[PDB]
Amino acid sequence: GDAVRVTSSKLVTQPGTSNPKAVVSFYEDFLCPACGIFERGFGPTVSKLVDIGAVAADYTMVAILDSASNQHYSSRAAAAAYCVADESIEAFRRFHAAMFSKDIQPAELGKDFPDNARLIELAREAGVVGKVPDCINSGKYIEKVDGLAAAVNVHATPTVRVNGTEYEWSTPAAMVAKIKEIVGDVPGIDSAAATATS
């Protein structure tokens, strides 16, 4: 809240502080088809950039596509992700990746959507139970996620900012180059470039 910040212990920080040199902020909706394509395409590259410490990856899961017609899937799924993040950031990484996988993400404008029990089970598969079942069932984060788009002024997904500046992405490789322009040639960044090209 408002974003889940994913880092590793290797994070490259600004001198004399604990603040990341490079923050890549993602604004995503778990129902948005393009966000699925984007996450499947960029996800391994971003994970490598996190692992080597080149970036903090911040995820704000908005609810823009939410409707009664989808059984409020967008909001329920975003809320669930924040619940999982309360338990573990690593579990959030895994959950967030699963929800965008082809076998999981439901069709925009379809009739079949994961209910809260399924979201809780997917959280279990991501490695957490703890407070997640009650967090999800009680609707703890629904109001928050429902207000996120307005709060962060993001009305379209996927949207990316790099150090707060709007970023029009093209390829994972280009994103790695953009990060390298910022942090220079840090251990592993060329390897992230290699991940980005497969």
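Don't overthink the numbering: it's just position in the shown sequence, from 1.
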With respect to the recorded C-alpha B factors, which stretch has the higher mean value, 76-84 or 123-131? 123-131
Comparing 59-67 with 132-140, the higher average Cα temperature factor in the PDB entry belongs to 132-140
Quiz for you: based on the deposited Cα B-factor, which of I37, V160, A156, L49 is highest? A156
By the entry's values, the third containing the CA B factor of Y27 is the lowest
On the chain's distribution of Cα B-factors, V6 falls within the third called lowest
Taking the entry's C-alpha B-factors for this chain, is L148 in the lowest, middle or highest third? middle
Among all modelled residues of this chain, ranked by Cα B factor, put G41 in the bottom, middle or top third, i.e. lowest, middle or highest. lowest
C-alpha B factor of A98, ranked within the chain: lowest, middle or highest third? lowest
